[PDB]
Amino acid sequence: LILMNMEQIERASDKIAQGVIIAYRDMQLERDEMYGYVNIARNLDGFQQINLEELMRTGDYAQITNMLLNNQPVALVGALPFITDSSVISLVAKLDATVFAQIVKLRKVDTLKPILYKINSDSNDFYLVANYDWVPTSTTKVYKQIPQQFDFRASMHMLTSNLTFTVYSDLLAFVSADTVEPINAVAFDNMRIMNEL
Amino acid sequence: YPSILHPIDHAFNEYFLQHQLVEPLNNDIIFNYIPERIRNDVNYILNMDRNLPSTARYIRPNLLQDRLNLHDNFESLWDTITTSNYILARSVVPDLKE
Amino acid sequence: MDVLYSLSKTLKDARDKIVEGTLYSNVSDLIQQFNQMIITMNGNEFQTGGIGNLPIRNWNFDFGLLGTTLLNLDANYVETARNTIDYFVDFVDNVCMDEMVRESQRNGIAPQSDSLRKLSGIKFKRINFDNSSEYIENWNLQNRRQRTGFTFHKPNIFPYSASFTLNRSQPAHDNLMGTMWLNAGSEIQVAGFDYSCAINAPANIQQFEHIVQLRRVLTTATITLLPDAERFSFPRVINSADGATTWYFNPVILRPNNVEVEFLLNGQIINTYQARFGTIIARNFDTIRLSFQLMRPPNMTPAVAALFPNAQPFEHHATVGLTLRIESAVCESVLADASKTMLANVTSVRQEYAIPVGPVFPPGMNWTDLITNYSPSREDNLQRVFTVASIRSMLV
Amino acid sequence: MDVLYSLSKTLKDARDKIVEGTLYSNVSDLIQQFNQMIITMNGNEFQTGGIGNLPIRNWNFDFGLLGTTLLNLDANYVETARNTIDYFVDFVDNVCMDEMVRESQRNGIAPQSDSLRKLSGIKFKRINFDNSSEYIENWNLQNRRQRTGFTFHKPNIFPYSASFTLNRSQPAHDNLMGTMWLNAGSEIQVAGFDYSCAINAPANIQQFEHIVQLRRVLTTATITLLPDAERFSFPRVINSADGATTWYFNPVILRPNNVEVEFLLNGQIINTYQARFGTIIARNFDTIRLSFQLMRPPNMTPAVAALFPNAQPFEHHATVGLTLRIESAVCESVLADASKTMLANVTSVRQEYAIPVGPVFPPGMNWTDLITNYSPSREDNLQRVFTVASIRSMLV
Amino acid sequence: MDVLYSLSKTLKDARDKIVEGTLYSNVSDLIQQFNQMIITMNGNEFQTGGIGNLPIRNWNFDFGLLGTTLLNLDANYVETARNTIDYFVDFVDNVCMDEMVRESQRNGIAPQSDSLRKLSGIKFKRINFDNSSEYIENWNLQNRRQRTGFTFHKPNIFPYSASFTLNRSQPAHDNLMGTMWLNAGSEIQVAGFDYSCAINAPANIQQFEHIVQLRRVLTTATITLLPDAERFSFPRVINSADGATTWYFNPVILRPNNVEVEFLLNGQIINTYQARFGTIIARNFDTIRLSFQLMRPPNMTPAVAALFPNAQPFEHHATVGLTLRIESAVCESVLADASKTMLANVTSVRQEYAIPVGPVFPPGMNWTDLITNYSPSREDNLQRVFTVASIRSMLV
Ligand SMILES: [Cl-]
Ligand SMILES: [Zn+2]
Ligand SMILES: [Zn+2]
Ligand SMILES: [Zn+2]
Ligand SMILES: [Zn+2]
Ligand SMILES: [Zn+2]
């Protein structure tokens with residue numbers, strides 16, 4: 001049960017994402033009911049995948065370094081913390097693309113914290129989206145899932161059990177055990193254990 | 001009873017409900033719980049002076065024999081096991097009289 | 001092929017075992033395999049092709065897993081499982097049909113449809129589980145360069161051929177010596193005829209020989225040898241070799257003499273049976289040699305002596321026949337037989353969807369032409385399609 | 001039926017798997033299924049009835065569960081299991097026999113015996129587990145109105161009939177034109193004979209047609225076609241249609257001309273084969289039309305020309321044969337076939353206990369009468385009894 | 001009757017409305033009524049009797065109620081409901097058959113079977129709910145002495161009768177005057193024939209009258225009237241009244257003259273139609289009086305004048321006809337009709353269980369005998385069995 005539901009439980013977490021695609025082309029921010037505009041990837045199709053756990057374990061950063069230096073599109077896969085940025089100016093400043101040089105510098109992936117943009121009317125600078133003609137884009141996407149909606153039909157169940165019972169532990173407490181007088185105790189052969197009397 | 005549960009939560013709770021460890025308990029089960037050679041020994045009189053309701057339950061002990069075969073190639077562990085068994089047996093052996 | 005078979009077997013086991021009221025312990029491993037299949041297939045788009053009249057079909061997989069927490073399966077569980085099983089079975093059947101109607105010359109053993117090539121990717125290897133059927137077992141063994149064989153009841157190893165050879169003949173066809181035969185399926189009927197009844201033959205014996213060269217080696221073959229060929233035991237009017245005229249055959253059946261049936265491999269005699277009829281065993285052979293003799297009976301009652309004069313005209317023609325039926329055998333390669341439906345399934349699927357003639361198989365999947373020219377490319381394509389047909393048979 | 005099959009399958013699995021020394025992990029699920037069956041059947045009283053000479057038997061179930069606390073099964077465990085297995089196998093055999101000897105016109109698919117009706121209650125559905133047999137698979141499919149399929153080797157589809165039709169006749173029966181056939185089992189031998197050898201026929205061609213209507217649709221059928229019919233290739237003295245007199249047949253076999261085998265479905269030609277003999281595939285059909293021509297050979301050697309004069313008397317009669325053998329096929333309905341024993345089992349059980357003839361089946365379970373008039377009620381009753389026979393054959 | 005009908009209606013509603021995926025609110029009232037039925041029937045033992053070959057059957061009711069637990073009904077709920085519904089439907093069908101096979105001379109409208117007599121107890125009255133069908137509505141209204149009627153398409157009101165009356169006759173049957181008629185079901189085909197063509201009639205007019213007394217009063221009847229009687233317009237050889245000899249009839253059809261259809265109730269002229277053909281309406285009647293005249297054509301062409309001479313012999317016999325067809329009507333009593341199956345159902349149940357002839361109905365439930373002597377006791381018994389049959393039809 002736990003193994004089959006692992007991926008669903010993990011993707012329900014609000015503090016880790018399932019990866020980050022670095023695509024050095026400009027990709028439109030997706031329109032999601034939970035965020036507004038969000039640089040969210042539904043899947044990793046079309047990108048080379050580098051497993052961050054394997055990269056951490058090996059310590060060989062030659063491929064990741066070569067790809068980051070040469071601006072080679074890639075998908076870094078692994079449970080990652082992310083920064084939720086609601087600032088339109090941050091998106092215009094392209095700060096989501098500035099978070100991967102520390103991988104090359106430190107040869108570490110435990111501090112990689114990609115930016116997840118959440119641009120909506122609650123943003124202080126949302127007018128920039130509303131009052132101007134342009135498509136909000138970013139070069140990075142965060143591989144994360146959307147929460148499952150609550151459905152009453154799919155959640156209402158009937159749980160069945162017994163009305164009541166009593167569980168007992170000491171069964172031999174229910175046995176009344178007596179013994180014959182030791183003078184009369186017999187052995188397997190039906191004669192007295194001690195016959196010298 | 002009606003319940004609201006996430007499908008994973010329902011899976012867990014339904015597994016708990018469907019696979020409970022309690023079995024019906026009756027006087028036949030208790031009688032067979034007694035070792036068979038003590039039930040046949042005429043020096044011991046065993047009686048069932050208790051009434052068990054149909055709502056009685058118990059959990060069967062897992063008396064599976066040794067899957068680790070600790071008697072084979074575990075000299076120190078087997079020494080410890082036999083020492084503990086020896087101490088317990090000493091505790092239960094009767095005292096001589098007269 | 002192993003992934004396609006695994007999909008088919010998972011679906012067959014789900015149909016057979018996911019039944020109302022059954023203990024979950026009866027299906028626990030099956031449900032685990034089914035959920036593994038769902039997880040591996042989810043998020044993948046497949047296309048079964050438009051070859052012939054087979055329609056282009058698009059397949060998506062976004063199914064949820066089956067429950068694993070009941071003590072006994074109920075009606076809701078079975079209905080929920082059936083909803084997914086129907087779609088998966090339809091997809092597997094369409095993939096099998098798409099693979100069955102395609103062929104290649106360069107690599108006929110490799111998958112031909114795009115769906116089966118996609119399923120051969122590493123990402124689907126998780127679906128693979130028990131490969132127990134004879135055809136998939138043979139496929140896996142052969143991919144391992146291991147010795148494996150298909151067992152056939154009445155193997156269809158002989159291309160159909162009704163023919164004759166006239167070793168002595170003339171334009172009027174009244175003093176003929178020769179052999180008639182039908183090689184059809186698992187059966188050989190041969191008959192040597194002499195119109196003069198060996199009146200002027202050395203020792204009054206006429207020798208007949210019939211060699212049948214099998215296109216593949218057969219092993220542990222059970223064979224019935226009978227001393228007469230009823231197919232060539234009654235009057236016949238037979239065309240000539242060029243069809244210019246027709247001649248007359250009026251057999252009188254005599255016991256064949258010095259019957260020697262040799263089963264040979266690479267020209268070496270493996271099994272020899274002299275004057276033995278009934279059940280015989282040919283352990284390993286690729287050629288059958290039937291030698292028999294028409295022996296003029298030294299003593300003849302007046303009714304017999306009337307039939308065989310010293311000279312022409314010869315109105316009664318002395319014939320000696322043999323019948324050889326291969327009841328069962330084993331082959332390295334795949335063959336049509338009386339018990340299995342692989343050839344019938346492949347031919348039916350190709351006929352139903354008006355599949356054009358390809359560069360490998362003959363038109364209509366005709367078995368006589370197929371087995372006559374059983375090339376390595378034909379063998380590869382035919383084993384591939386037969387394995388796919390067996391996979392499809394588990395569900396359709 | 002599914003509960004009875006599940007009982008039989010559980011007992012067969014117990015016989016096969018519960019063996020001395022085997023790991024308990026090899027039988028854990030089987031032991032759980034067996035104990036569930038014991039719990040379900042415990043406390044229930046069954047009666048297998050006294051129809052015919054079948055004895056009335058009463059069945060009581062008070063059995064202890066099989067243990068679950070061993071690493072390897074030992075002799076004690078196997079003996080304790082085997083006593084219960086023997087009793088349960090006897091009960092299942094008697095229930096199957098009770099069901100096989102029963103029939104009804106109204107609900108022949110439904111259970112007829114009291115024991116099987118009792119087993120159809122919900123309180124036994126827990127016993128139900130893997131339904132993997134072909135017969136039980138088709139039973140479950142047909143209970144849901146799904147496409148069923150039975151694979152038959154040499155299906156017994158043709159009711160026996162050795163008949164003839166004289167398209168030209170007269171009291172002397174010395175100048176006859178017509179066809180004689182044997183349609184038996186999976187085989188059709190037909191032969192068209194002309195006593196005049198088409199001397200006066202237009203273009204010297206005599207056309208013969210033989211239509212065989214199958215009582216059920218056959219699919220994916222592999223069929224062997226052979227030019228000659230050996231059964232009508234020797235001289236015979238055949239009774240007349242009224243049986244008042246006997247006429248004489250003295251065939252001389254000519255090869256058939258313009259052979260056309262059509263396999264038709266609802267009168268629509270599904271498959272057509274012209275001049276092809278070796279091995280053919282009929283993918284879906286219920287009617288076979290065999291068209292074949294006797295062509296007088298334009299050129300004859302003196303003996304052949306002697307055979308066929310310009311006018312009567314005709315002493316040699318020109319015959320053209322055709323043999324059609326269904327080696328294997330698929331049918332949505334149950335059929336007797338050369339490989340299975342369901343018909344034999346049902347007939348044996350009905351014969352051994354002197355079951356009186358019922359409203360549905362003909363006396364003695366005669367297959368020719370049954371398949372000649374294969375009605376829907378007959379199909380339902382036959383499928384029920386054949387499924388029960390397959391269940392019984394798993395244990396007996 | 002109302003309780004049995006309510007059981008049938010509750011079961012039909014359960015079978016139609018308790019379906020997978022339906023809203024809980026689609027079945028709330030149905031679930032309440034079904035649980036009321038279960039509570040009322042629980043703990044009651046019923047016996048359907050062994051009259052004829054109908055087997056004796058014992059019915060026990062111990063069923064749990066249906067819950068109300070899911071917003072949309074699922075497969076488990078439907079399966080439990082289906083189990084209960086199947087048992088109840090079997091019980092109701094057996095009760096209906098048992099009641100259908102009985103009859104009583106005195107209290108024919110009262111229940112006859114033990115099961116239906118028990119269901120008439122007060123304790124079961126709680127099961128009674130909506131009585132909407134035509135037959136149960138008429139039953140309830142009739143129990144209260146309220147005016148109500150059954151609507152029949154082509155009512156079977158005329159007992160079969162194909163006879164003739166000769167008003168003028170001779171031993172040689174060559175100068176005949178009279179009437180033929182067929183009264184069958186909803187049809188009356190009458191014809192009047194004069195062999196002399198009214199040559200000697202007072203004004204060359206021959207009057208014919210046909211009076212048919214209906215066994216029950218028909219109201220709101222739509223009737224087709226056609227001038228000619230096709231059944232008596234071809235030559236016939238007709239037995240004499242005693243059957244001693246046979247006479248010859250060679251009709252020539254003339255236009256009926258002064259046609260008057262009178263529909264009478266209690267001897268009063270309710271409806272009158274003079275020379276009117278096509279569709280007519282009879283409000284309320286119990287007798288039909290068809291009076292029509294054969295008028296010799298005053299002016300004849302030479303051929304017509306040749307048909308009818310002034311004296312014997314007469315070879316062409318002048319015939320006038322009339323066809324009356326009751327297409328639909330309303331009757332206060334139950335009748336067999338072309339659209340309903342009540343008579344067929346009762347007759348089939350009685351024949352299929354070999355019910356002995358009772359003291360009320362004719363053997364085999366012959367409708368001609370039943371309607372010929374349609375007594376009040378027979379009317380009561382027929383209404384009872386027809387209502388029970390219509391109740392049974394809702395489930396079977
Ligand atoms: Cl009508
Ligand atoms: Zn020649
Ligand atoms: Zn065979
Ligand atoms: Zn004849
Ligand atoms: Zn009508
Ligand atoms: Zn008369």
# chains A, B, ... in the order shown; residues from 1 in each chain; ligands from 1

call {"tool": "calpha_fit_rmsd", "arguments": {"fixed": "chain D", "moving": "chain C"}}
result
0.3 Å

call {"tool": "residues_near_ligand", "arguments": {"ligand": "ligand 1", "cutoff": "8 Å", "atoms": "only C-alpha atoms and all ligand atoms", "output": "JSON list (two decimals) with C-alpha atoms, in the first residue's frame"}}
result
[["chain", "number", "residue", "atom", "x", "y", "z"],
["E", 153, "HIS", "CA", -58.46, -4.48, -29.95],
["E", 154, "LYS", "CA", -60.31, -6.98, -32.14],
["E", 327, "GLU", "CA", -61.64, -3.33, -34.68],
["E", 338, "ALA", "CA", -55.73, -9.94, -30.57]]

call {"tool": "residues_near_ligand", "arguments": {"ligand": "ligand 4", "cutoff": "10 Å", "atoms": "only C-alpha atoms and all ligand atoms", "output": "JSON, numbers by chain"}}
result
{"D": [164, 165, 166, 168, 169, 170, 171, 172, 173, 174, 176, 238, 239, 240, 241, 242, 243, 244, 245, 246, 247, 248]}

call {"tool": "write_last_selection", "arguments": {"atoms": "N, CA and C atoms", "output": "compact mmCIF listing (two decimals), in the first residue's frame"}}
result
# COMPACT_ATOMS: atom_id res chain seq x y z
N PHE D 164 -27.25 -39.69 -51.70
CA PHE D 164 -26.99 -39.41 -53.11
C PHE D 164 -28.17 -38.65 -53.69
N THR D 165 -27.91 -37.91 -54.76
CA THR D 165 -28.94 -37.23 -55.52
C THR D 165 -28.73 -37.53 -56.99
N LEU D 166 -29.77 -38.03 -57.65
CA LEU D 166 -29.72 -38.38 -59.07
C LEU D 166 -30.43 -37.28 -59.85
N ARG D 168 -30.14 -37.12 -63.10
CA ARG D 168 -30.61 -37.85 -64.27
C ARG D 168 -30.74 -39.31 -63.89
N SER D 169 -31.93 -39.87 -64.07
CA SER D 169 -32.22 -41.23 -63.61
C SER D 169 -33.37 -41.80 -64.44
N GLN D 170 -33.58 -43.10 -64.28
CA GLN D 170 -34.63 -43.85 -64.96
C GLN D 170 -34.67 -45.27 -64.38
N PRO D 171 -35.72 -46.05 -64.65
CA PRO D 171 -35.88 -47.33 -63.93
C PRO D 171 -34.72 -48.29 -64.12
N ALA D 172 -34.02 -48.23 -65.26
CA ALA D 172 -32.93 -49.16 -65.50
C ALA D 172 -31.70 -48.82 -64.67
N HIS D 173 -31.52 -47.55 -64.32
CA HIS D 173 -30.34 -47.09 -63.59
C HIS D 173 -29.05 -47.54 -64.28
N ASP D 174 -29.00 -47.28 -65.58
CA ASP D 174 -27.81 -47.55 -66.37
C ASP D 174 -27.25 -46.31 -67.05
N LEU D 176 -26.99 -42.67 -65.41
CA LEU D 176 -27.28 -41.85 -64.24
C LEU D 176 -26.32 -40.67 -64.17
N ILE D 238 -25.82 -49.84 -54.91
CA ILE D 238 -26.47 -48.86 -54.06
C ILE D 238 -27.98 -49.04 -54.17
N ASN D 239 -28.65 -49.07 -53.02
CA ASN D 239 -30.10 -49.13 -53.01
C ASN D 239 -30.69 -47.88 -53.67
N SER D 240 -31.90 -48.03 -54.19
CA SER D 240 -32.59 -46.89 -54.78
C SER D 240 -33.16 -46.00 -53.69
N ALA D 241 -33.61 -44.81 -54.10
CA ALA D 241 -34.10 -43.84 -53.12
C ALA D 241 -35.27 -44.41 -52.33
N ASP D 242 -36.19 -45.09 -53.00
CA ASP D 242 -37.30 -45.75 -52.31
C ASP D 242 -36.90 -47.07 -51.68
N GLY D 243 -35.72 -47.60 -52.00
CA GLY D 243 -35.33 -48.91 -51.54
C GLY D 243 -35.99 -50.05 -52.28
N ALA D 244 -36.67 -49.77 -53.40
CA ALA D 244 -37.36 -50.82 -54.13
C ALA D 244 -36.39 -51.69 -54.92
N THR D 245 -35.32 -51.10 -55.44
CA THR D 245 -34.35 -51.82 -56.24
C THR D 245 -32.95 -51.32 -55.92
N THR D 246 -31.96 -52.02 -56.46
CA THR D 246 -30.55 -51.66 -56.32
C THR D 246 -29.98 -51.38 -57.70
N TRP D 247 -29.12 -50.37 -57.78
CA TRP D 247 -28.42 -50.02 -59.01
C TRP D 247 -26.92 -50.19 -58.81
N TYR D 248 -26.19 -50.10 -59.92
CA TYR D 248 -24.78 -50.44 -59.97
C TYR D 248 -23.95 -49.20 -60.29

call {"tool": "select_by_dssp", "arguments": {"residues": "region 137-171 of chain A", "states": "helix (DSSP H, G or I)", "output": "list in words"}}
result
residues 152, 153, 154, 155 and 171 of chain A

call {"tool": "interface_residues", "arguments": {"of": "chain B", "to": "chain C", "cutoff": "9 Å", "atoms": "only C-alpha atoms", "output": "number ranges by chain"}}
result
B: 11-16, 18-19

call {"tool": "write_last_selection", "arguments": {"atoms": "N, CA, C and O atoms", "output": "PDB file, in the first residue's frame"}}
result
ATOM      1  N   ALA B  11      -7.995   3.157   1.859  1.00  0.00           N
ATOM      2  CA  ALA B  11      -7.292   1.896   1.658  1.00  0.00           C
ATOM      3  C   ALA B  11      -6.701   1.392   2.965  1.00  0.00           C
ATOM      4  O   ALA B  11      -6.873   0.222   3.325  1.00  0.00           O
ATOM      5  N   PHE B  12      -6.028   2.272   3.705  1.00  0.00           N
ATOM      6  CA  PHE B  12      -5.427   1.866   4.973  1.00  0.00           C
ATOM      7  C   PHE B  12      -6.487   1.411   5.972  1.00  0.00           C
ATOM      8  O   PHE B  12      -6.367   0.344   6.588  1.00  0.00           O
ATOM      9  N   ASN B  13      -7.538   2.212   6.146  1.00  0.00           N
ATOM     10  CA  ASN B  13      -8.548   1.888   7.146  1.00  0.00           C
ATOM     11  C   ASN B  13      -9.320   0.632   6.768  1.00  0.00           C
ATOM     12  O   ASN B  13      -9.663  -0.178   7.635  1.00  0.00           O
ATOM     13  N   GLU B  14      -9.606   0.455   5.478  1.00  0.00           N
ATOM     14  CA  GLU B  14     -10.282  -0.747   5.015  1.00  0.00           C
ATOM     15  C   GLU B  14      -9.406  -1.974   5.209  1.00  0.00           C
ATOM     16  O   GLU B  14      -9.908  -3.048   5.552  1.00  0.00           O
ATOM     17  N   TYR B  15      -8.097  -1.846   4.984  1.00  0.00           N
ATOM     18  CA  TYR B  15      -7.217  -2.967   5.282  1.00  0.00           C
ATOM     19  C   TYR B  15      -7.260  -3.310   6.762  1.00  0.00           C
ATOM     20  O   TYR B  15      -7.317  -4.488   7.132  1.00  0.00           O
ATOM     21  N   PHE B  16      -7.230  -2.294   7.627  1.00  0.00           N
ATOM     22  CA  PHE B  16      -7.307  -2.558   9.060  1.00  0.00           C
ATOM     23  C   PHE B  16      -8.610  -3.260   9.418  1.00  0.00           C
ATOM     24  O   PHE B  16      -8.619  -4.198  10.222  1.00  0.00           O
ATOM     25  N   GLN B  18     -10.596  -5.095   7.450  1.00  0.00           N
ATOM     26  CA  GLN B  18     -10.786  -6.379   6.791  1.00  0.00           C
ATOM     27  C   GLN B  18      -9.826  -7.456   7.276  1.00  0.00           C
ATOM     28  O   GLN B  18     -10.069  -8.638   7.008  1.00  0.00           O
ATOM     29  N   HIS B  19      -8.757  -7.091   7.978  1.00  0.00           N
ATOM     30  CA  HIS B  19      -7.691  -8.017   8.346  1.00  0.00           C
ATOM     31  C   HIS B  19      -7.365  -7.901   9.825  1.00  0.00           C
ATOM     32  O   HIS B  19      -6.206  -7.791  10.228  1.00  0.00           O
TER      33      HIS B  19
END

call {"tool": "interface_residues", "arguments": {"of": "chain B", "to": "chain A", "cutoff": "10 Å", "atoms": "only C-alpha atoms", "output": "number ranges by chain"}}
result
B: 1-15, 17-18, 20, 22-27, 29-31, 33-34, 40-61

call {"tool": "interface_residues", "arguments": {"of": "chain D", "to": "chain E", "cutoff": "12 Å", "atoms": "only C-alpha atoms", "output": "PyMOL selection string"}}
result
chain D and resi 105-106+120-123+125

call {"tool": "residues_around", "arguments": {"residues": "region 181-186 of chain E", "least_positions_apart": "4", "cutoff": "12 Å", "atoms": "only C-alpha atoms", "output": "PyMOL selection string"}}
result
chain E and resi 152-166+190-193+208-214+218+221-224+229-233+288+290+320-329+335-338+367-368+371-372

call {"tool": "select_by_dssp", "arguments": {"residues": "region 49-111 of chain A", "states": "strand (DSSP E)", "output": "JSON, numbers by chain"}}
result
{"A": [49, 50, 51, 74, 75, 76, 77, 78, 79, 80, 83, 84, 85]}

call {"tool": "residues_around", "arguments": {"residues": "residue 311 (chain D)", "least_positions_apart": "5", "cutoff": "10 Å", "atoms": "only C-alpha atoms", "output": "list in words"}}
result
residues 175, 195, 196, 197, 199 and 200 of chain D

call {"tool": "residues_around", "arguments": {"residues": "residue 129 (chain E)", "least_positions_apart": "3", "cutoff": "10 Å", "atoms": "only C-alpha atoms", "output": "PyMOL selection string"}}
result
chain E and resi 2-3+5-7+9-10+33+125-126+132

call {"tool": "write_last_selection", "arguments": {"atoms": "N, CA and C atoms", "output": "JSON list (two decimals), in the first residue's frame"}}
result
[["chain", "number", "residue", "atom", "x", "y", "z"],
["E", 2, "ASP", "N", -54.78, -7.78, -4.82],
["E", 2, "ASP", "CA", -54.11, -6.49, -4.73],
["E", 2, "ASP", "C", -52.75, -6.64, -4.06],
["E", 3, "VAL", "N", -52.65, -7.56, -3.10],
["E", 3, "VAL", "CA", -51.37, -7.82, -2.46],
["E", 3, "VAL", "C", -50.42, -8.52, -3.43],
["E", 5, "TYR", "N", -50.57, -8.39, -6.72],
["E", 5, "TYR", "CA", -50.21, -7.38, -7.72],
["E", 5, "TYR", "C", -49.20, -6.40, -7.15],
["E", 6, "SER", "N", -49.36, -6.01, -5.89],
["E", 6, "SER", "CA", -48.43, -5.07, -5.28],
["E", 6, "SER", "C", -47.04, -5.68, -5.13],
["E", 7, "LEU", "N", -46.97, -6.96, -4.78],
["E", 7, "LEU", "CA", -45.69, -7.66, -4.77],
["E", 7, "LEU", "C", -45.05, -7.62, -6.15],
["E", 9, "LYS", "N", -45.61, -5.55, -8.63],
["E", 9, "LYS", "CA", -45.27, -4.18, -9.02],
["E", 9, "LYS", "C", -44.04, -3.69, -8.26],
["E", 10, "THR", "N", -43.95, -4.01, -6.97],
["E", 10, "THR", "CA", -42.77, -3.64, -6.20],
["E", 10, "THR", "C", -41.53, -4.31, -6.78],
["E", 33, "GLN", "N", -40.81, 1.14, 0.20],
["E", 33, "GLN", "CA", -41.85, 0.16, -0.12],
["E", 33, "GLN", "C", -41.27, -1.25, -0.14],
["E", 125, "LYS", "N", -51.75, -6.73, 4.13],
["E", 125, "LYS", "CA", -52.34, -5.57, 3.46],
["E", 125, "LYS", "C", -51.37, -4.41, 3.39],
["E", 126, "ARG", "N", -50.39, -4.35, 4.29],
["E", 126, "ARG", "CA", -49.40, -3.28, 4.27],
["E", 126, "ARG", "C", -48.60, -3.26, 2.97],
["E", 132, "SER", "N", -52.23, 0.59, -10.62],
["E", 132, "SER", "CA", -52.39, 1.44, -11.79],
["E", 132, "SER", "C", -52.69, 0.69, -13.08]]

call {"tool": "residues_around", "arguments": {"residues": "residue 54 (chain D)", "least_positions_apart": "3", "cutoff": "10 Å", "atoms": "only C-alpha atoms", "output": "PyMOL selection string"}}
result
chain D and resi 48-51+57+94+97-98+101+349-350+352-355

call {"tool": "residues_around", "arguments": {"residues": "residue 113 (chain A)", "least_positions_apart": "2", "cutoff": "7 Å", "atoms": "only C-alpha atoms", "output": "PyMOL selection string"}}
result
chain A and resi 80-83+99+111+115

call {"tool": "write_last_selection", "arguments": {"atoms": "N, CA, C and O atoms", "output": "compact mmCIF listing (two decimals), in the first residue's frame"}}
result
# COMPACT_ATOMS: atom_id res chain seq x y z
N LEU A 80 13.18 18.35 -4.66
CA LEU A 80 13.86 19.62 -4.53
C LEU A 80 12.98 20.61 -3.77
O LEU A 80 11.77 20.67 -4.00
N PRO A 81 13.55 21.41 -2.87
CA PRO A 81 12.82 22.56 -2.35
C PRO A 81 12.83 23.68 -3.38
O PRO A 81 13.76 23.81 -4.17
N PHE A 82 11.78 24.48 -3.37
CA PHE A 82 11.63 25.55 -4.34
C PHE A 82 11.17 26.82 -3.65
O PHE A 82 10.56 26.79 -2.58
N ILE A 83 11.49 27.95 -4.27
CA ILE A 83 11.07 29.26 -3.79
C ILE A 83 9.85 29.68 -4.58
O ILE A 83 9.87 29.69 -5.82
N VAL A 99 19.97 30.22 -10.52
CA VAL A 99 20.03 29.39 -9.33
C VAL A 99 20.84 28.12 -9.53
O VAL A 99 20.90 27.30 -8.61
N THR A 111 21.72 22.32 -2.04
CA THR A 111 21.28 23.70 -1.88
C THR A 111 20.51 24.22 -3.08
O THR A 111 20.11 25.38 -3.10
N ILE A 115 13.24 28.43 -8.59
CA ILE A 115 12.18 29.41 -8.41
C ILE A 115 10.91 28.89 -9.08
O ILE A 115 10.94 28.48 -10.24

call {"tool": "closest_residue", "arguments": {"among": "C:8, C:53, C:373, C:32", "to": "chain A", "atoms": "only C-alpha atoms"}}
result
C:32

call {"tool": "atom_distance", "arguments": {"atom1": "CA of residue 78 (chain B)", "atom2": "CA of residue 25 (chain D)"}}
result
26.5 Å
